[PDB]
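Below: the structure, in structure tokens.
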Amino acid sequence: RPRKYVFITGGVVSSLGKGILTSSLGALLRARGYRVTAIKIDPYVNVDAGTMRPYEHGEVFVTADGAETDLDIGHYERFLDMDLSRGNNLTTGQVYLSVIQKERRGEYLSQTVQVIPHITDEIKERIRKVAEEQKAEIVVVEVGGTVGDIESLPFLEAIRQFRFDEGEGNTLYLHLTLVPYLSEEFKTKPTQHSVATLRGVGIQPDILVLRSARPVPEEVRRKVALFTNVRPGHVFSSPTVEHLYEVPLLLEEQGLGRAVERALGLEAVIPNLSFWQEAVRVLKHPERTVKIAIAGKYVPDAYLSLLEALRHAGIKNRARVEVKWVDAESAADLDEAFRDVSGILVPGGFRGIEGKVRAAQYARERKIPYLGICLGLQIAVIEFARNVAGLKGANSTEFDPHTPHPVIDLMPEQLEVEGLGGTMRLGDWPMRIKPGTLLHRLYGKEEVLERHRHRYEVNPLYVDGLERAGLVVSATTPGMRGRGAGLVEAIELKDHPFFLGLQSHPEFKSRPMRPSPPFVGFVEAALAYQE
Amino acid sequence: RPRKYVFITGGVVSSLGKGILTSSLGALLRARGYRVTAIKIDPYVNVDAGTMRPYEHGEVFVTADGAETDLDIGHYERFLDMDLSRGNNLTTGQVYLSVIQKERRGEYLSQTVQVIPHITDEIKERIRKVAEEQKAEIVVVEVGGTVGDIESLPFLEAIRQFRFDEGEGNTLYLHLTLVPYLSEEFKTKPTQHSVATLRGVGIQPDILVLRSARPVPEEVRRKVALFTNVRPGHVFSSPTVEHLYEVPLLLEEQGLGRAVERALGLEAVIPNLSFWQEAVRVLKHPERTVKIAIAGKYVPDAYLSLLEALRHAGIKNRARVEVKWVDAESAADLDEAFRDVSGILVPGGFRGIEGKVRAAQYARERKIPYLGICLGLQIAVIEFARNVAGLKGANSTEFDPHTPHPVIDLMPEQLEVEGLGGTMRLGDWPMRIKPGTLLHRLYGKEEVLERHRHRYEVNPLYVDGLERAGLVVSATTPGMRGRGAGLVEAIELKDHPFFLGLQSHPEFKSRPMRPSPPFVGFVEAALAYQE
Amino acid sequence: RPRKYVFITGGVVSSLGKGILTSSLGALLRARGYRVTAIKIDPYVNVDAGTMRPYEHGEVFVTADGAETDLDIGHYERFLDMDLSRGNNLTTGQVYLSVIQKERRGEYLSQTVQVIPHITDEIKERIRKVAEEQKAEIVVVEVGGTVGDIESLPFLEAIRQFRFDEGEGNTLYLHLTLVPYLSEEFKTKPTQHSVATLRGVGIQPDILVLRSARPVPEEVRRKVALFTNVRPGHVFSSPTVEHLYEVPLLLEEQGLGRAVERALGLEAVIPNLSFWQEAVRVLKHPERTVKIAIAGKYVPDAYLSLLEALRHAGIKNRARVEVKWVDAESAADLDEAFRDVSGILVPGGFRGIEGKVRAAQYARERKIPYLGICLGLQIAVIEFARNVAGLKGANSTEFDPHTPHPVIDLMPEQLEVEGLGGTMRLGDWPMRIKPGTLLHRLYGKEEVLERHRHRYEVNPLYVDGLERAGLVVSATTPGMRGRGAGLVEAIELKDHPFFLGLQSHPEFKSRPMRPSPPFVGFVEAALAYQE
């Protein structure tokens, strides 16, 4: 059977929730039993999100294969419930670099190389290759940027060519626009202009989705349909909502799923959205409520996946997890700052370390549930080494390269591989959990995979000592490709309600349908502490 | 004083002679005493014309610095009478590669990199850097491609930004369009639409040039002026003409030069166009006429510079040089094929060698003026080695790598430099001419520079022998950067009216104001042979 | 000296307050001593607002010359403090009808007539003719509709042609756009696209005004400036405000006035905005506060000028006039409906009459200040005739054509003029006020002009009787062109704090700088009643 392509573009302005739209349509299609995948096109020149601030100006997601991508990929994995790869984040830098390298190597056999057809060919081929390896019957492609700008032009053209290449019934085009609401009057002029510009570059949308404060009434939607050339029944609303998980349920309700099936010539399949329905029920009507503090170094979307993991966890506990932001780098005031808190979470980063060290001490001495992710584990290791192992001024050579006790340092030279020096650990790394530990109790397995993004590890040489002082290493890595063999992956304390730290980013793999165990435990313990 | 920028764009269709327009405006400005330069923007992805067919689909020009550029650069050098560099041919591949390399190296300090402002900044900086090193007061920039297409978009935007960056009075914009002529009716609709699209991307042309079979009458030009927002006096004609050298004279006549001075706030300077006037006089009223044959391997624009050199030469001889194209690779029929010919020229290339070998033999035995360029010299060396030195099956290892006598082969290992193996000789190479020779008689100097583009040289080991058989080496190279020291640059025969060959491409440096000596001699000798 | 033209266009969406923008710029220019005028272009096909609902879907303003125009004209008169004519409201119907009539009469001398130049010529000529008769040095023209739509196209083209026709320095172009505000992020994409579309039709704005919830910061304004081709200092903000009168003060503050003077090559004049400053002071800090009820038949902008008159009045009384909307057509409940009210106003119309009759009775018997406009006077006449003159079932033949007492009926046949039958009275009509009356006390003159828009008059035959029953006719009309000679223009009662009715629409001539006397009295009396 023919593979189907659903393209999604945006108009008028950006920030209309096009990523959640892509994710929501992907979920609707999966709830129908199809094998699906999503590709995020980012018109920027960056080859990948590798040279960008990992938290600062938005979170940089990390795929199982170690790719550093745009945060939308995380939205896709969570809504489609699947592992994506670096091929799912296509950028201008990738496409142009890849094409330029080919002609310098003379691979274009002496022809003059141009945006069309060469850059556009490269783009389509990349879309098909990824869809091929992930064996998808339906692939949802989101074009980043805004129709009408210069950057997305090569991509709008590339996807326009799919209609002819794939044959009738195999491609569908959706365009998301902004419909400001004043009067109680909906202003449709901007979407009329956006669609007109779109047709100008050669694309006729099949389906329109109108972003606005509230749903666009039928009368208005019909008018938009007639002046855009789109069937009235193919114009939908995208109202602002309280919970993102409402989006798919809402879109299916209006008939977007039905419209897409038909437009693609697929026989109607009744979707099973029971999960989304229950998740939204739990979200609107929590059974309980507990607040936890995030002593973060970056107090938007810097912790997108993190906050998502907590939400997936609260649902699993039928509880609304309220988040308190504690600067941490801001001194002695830990009693008030953690008063109405029942759990303390220290997330990753790469400045305010000393402030976080204090947050861990307080949580360890006051018996407050503590979860440490990436840097969060290192901090707990650092403060433990100081205040329990008596290692004066213990630290990571990241913050203090001259510390007398580098309990945390770069990849030991003994476990390093040729040509990989100075490269952090990325993507899935195997983790061997220790039976009888808290970790083991949370996961329920001995071998699991968790994603990483860091270049500092617990110094092997200080392990024996820290363990004697009471620190527990509930997990390590048998290594990978002969690298980092034996490195500590998790730590915890026995005489404590809940004190756990992991070197990986478990938020990344967290899914609404499968909460990350470390977070499920954190929220659970937090509830216990609350009484 | 402020540097001035004159941008030139094209609309409706390509192939309107925009390159000659740029060149003609550059000449008009030079005839006024200004220090000028021209930059050719080629929207293609190729980093340079290096991986393209050197002759086949158009000639690839070579600058003094060894850059392989688009052929327009040659038009610029000839009309502006100056040496340009690789910085004068800007492409999409250069700009994107250069920007992509910078962000992978993290030089963009973690920001997200985009076409605007990063790709556009790169473009403007490249335009300014080149204009800086060549100390130009006025720089004419030609944007390749056609307004309305996707590829030139980053460049149209980059140059639009110059107006603000440079301040009032320092930038001017010209747009060339097609005005079809039916009825005796001139169709202005296409240029109305082109200009409207141009304004759409943010540029308002100051000057319009209308390409058409004949000049566009004042009535029509006025109408175009009013609907485009351009002053009536700033709309000019570009009629098809017999001789390209007529273009500048024609444009100055209508007042383009005057308009540009004013628009740039420069006090009127009366241009001295005496040279162009005389050259066109000689071209329209030749004193004599001689035909010569070009036994070329590529029998358009494959020999652009070559044909230009011959024209510059004919003018210096007050004679119209008619060119006969002899396939060469097509057997025994040399009497008819060279009947009404008074000179035989064998140009460069990298197939029909055996056919050319025959053309050289005939010209040597029949006392017919012979000029050999690049391969042309090697061929003459090959046929001489065979038929005069008795070297059976002598050849170049390029055509016969197994010949028993590689009289012509790759760069001898003794004269090669580390890391430069397999790289041909490019750009200016010093040539030491031998006194008393024909070469010496033509140039009138002992040391000159000529441009190269080839990876095969006369085998040093066969020189002594060939010289004893009567071959003369009237020039060699003291080398360059310790490479190719001693290589033969030219050959000739004593008992012959005119038999000369050079390893370089002397056409490249030929200028209308300064004909290349080797060609001046060729045409002169050709005339002698004619009687 | 040359006449100056300031054109104003709108983009992205309509409803951005472009009318108040035009009015506010007009006021800024008048505060500088210039003779100004404004022209409202309405792209609709209606020849004038004559066949449109006079109140229902927005108020239809009426000029001194009896023209029924769009409501913006009222905004212009109030802000520019001047009388405009029908030539100040230009529409598509006017322009096309006028051009079509000319070619049917063969006035185009057999040429083929087209939108360009014929329709466009007609448009420019109409703009100049009106500006001529009103001797304006600066004329502000507002183009209705939204750039990007089909209807305004002929007009955008017409005004583009002014630049060339008028010469340098005499025309200026402003474009108003929507800049949505999310994040605290201002979305500039829509205005970038709007301006780009504008340039596409051939116009380059000189000044930009950005409509948004709050003022657009300098950083954002600068970015918009660079991508639109507009000087940074020529990009302004138009934030939403509490009082419209704040707009001019705000725009002058940012420097719009300064920018316009300069752009038009006029030497800086310091504007006297003392009036606007004081009016806004009084509006933000009222001395007192009184609420009055409007028993209207149309309970938006249906009473634009009406509400404006009340505001001008409250300012003159240093009091905030709160308005209560009483349906009137909705029965016995007059005590609650008028509880917290200190004045009852019955406005014009042409259904719920019986409901209004009751409102007048209550206000007359309870000694509550009463002001009747147009129908409001007739109603007071009708209820007086019934409840005081004992004329059972008295009425207007408009509501009851079969009433036994048509105290109000159409223009008496005795006072009608040939060919004017069935045509209501429009524009200024002279009114002779009677000394010693309340009317006379309010105006302070014996002869004044007030605008009309109605076809029903008080029956002359019932006057004598009503006067004996206590009704006072404090004003009549000596007629006009021999029509309606002697008709009643106003009525009132002696034994009452304030009971006054006028047949004209005094709201229409009301100005912020000169409140309409009838309203000044109403608000004053209302305050008295309040104690």
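Values computed for the structure shown
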| read-out | value |
| --- | --- |
| Percent breakdown of C-alpha pair distances by 20 Å bin, ordered from the shortest bin, for the protein assembly as shown | 8, 24, 27, 24, 13, 4, 1, 0 |
| Cβ-derived FRET efficiency at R0 45 Å, C:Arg35 paired with B:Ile270, nearest 0.05 | 0.40 |
| Relative packing of A:250-258, A:487-495, which averages over residues the other C-beta atoms within 10 Å, highest first | A:487-495, A:250-258 |
| Nearest-0.05 FRET efficiency for B:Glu253 and B:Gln414, computed from C-beta distance (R0 60 Å) | 0.55 |
| Residue closest to axis [chain A; rotation mapping onto B; Cβ; Å] | A:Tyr96, 2 |
| Per-q log10 I(q)/I(0), region C:286-531, q = 0.14, 0.15 Å⁻¹ (Debye; single scatterer per alpha-carbon; no solvent) | -0.87, -1.01 |
| Whole-angstrom Cα spans of region C:81-187 along principal axes, big to small | 62, 32, 29 |
| Given charges at beta-carbon only (K, R positive; D, E negative), |dipole| of the protein assembly as shown in Debye | 1020 |
| Modelled FRET efficiency - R0 25 Å, C:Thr397 with C:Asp327, Cβ distances, 0.05 increments | 0.50 |
| Residues of type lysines that C:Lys356 reaches as a straight line, Cα spacing below 23 Å, ignoring anything fewer than 8 places off in the same chain | C:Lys291, C:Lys297, C:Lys324, C:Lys367, C:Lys392, C:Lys494 |
| Positive-end extreme of charge dipole, the protein assembly as shown - chosen from C:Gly470, A:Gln503, C:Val247 (charges on Cβ) | C:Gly470 |
| Order by protection proxy (mean Cβ within 10 Å, highest first), peptides A:82-90, A:158-166 | A:82-90, A:158-166 |
| Residue mean of other protein chain beta carbons inside 10 Å, A:41-51 | 5 |
| Region A:449-531 shape via C-alpha gyration tensor axes, a/c threshold 1.5 | oblate |
| Ellipticity estimate at 222 nm from DSSP helix runs (n ≥ 4, -39,500 (n - 2.57)) divided over the protein assembly as shown, nearest 500 | -10500 deg cm²/dmol |
| DSSP-defined beta bridges in region A:286-531 - what % are antiparallel, rounded to 5 | 50 |
| Farthest toward positive dipole pole in the protein assembly as shown [+1 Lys/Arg, -1 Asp/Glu at C-beta], among B:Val140, A:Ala31, B:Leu310 | B:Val140 |
| Equivalent ellipsoid semi-axes - Cα gyration tensor, region C:1-285, angstrom | 30, 22, 19 |
| Reachable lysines from A:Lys102, criterion Cα separation under 21 angstrom, eight or more residues apart if same chain | A:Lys124, A:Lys129, B:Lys102 |
| Among A:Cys374, A:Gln530, A:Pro215 the positive-end extreme of the charge dipole of chain A (Cβ point charges) | A:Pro215 |
| Virtual spin-label span in nm between B:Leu461 and B:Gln192, 7 Å along Cα→Cβ | 7.4 |
| Average other protein chain Cβ within 10 Å of Cβ, residues A:143-150 | 4 |
| Label distances, nm, B:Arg366 versus same residue in remaining copies, Cβ-directed 7 Å point | 10.5, 12.3 |
| Debye log10 I(q)/I(0) for chain B, one point scatterer per Cα, at q = 0.09, 0.12 Å⁻¹ | -0.71, -1.13 |
| Test item: A:84-97 mean partner chain Cβ contacts at 10 Å | 2 |
| Rounded to 5, the percent of DSSP beta bridges in the protein assembly as shown classed as antiparallel | 30 |
| Contact order normalised by residue count of region C:388-531, Cα under 8 Å, 6+ apart, percent | 21 |
| Shortest-first distances to equivalent copies, position B:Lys445, nm, label 7 Å out along Cβ | 7.8, 9.4 |
| Pseudo-label separations to other copies for C:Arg514 - Cα-to-Cβ vector, 7 Å, nm | 8.2, 8.2 |
| Dimensions (Å) - region B:336-457, Cα atoms, principal axes, largest first | 49, 40, 24 |
| Ranked by how many other beta carbons lie within 10 Å on average, peptides A:15-21, A:102-108 from highest | A:15-21, A:102-108 |
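Don't worry about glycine lacking a Cβ; one is built from the backbone with ideal geometry, like all the others, and counts go over all protein chains shown. All of the numbers you see were taken from the coordinates with simple rules; none came from a lab.
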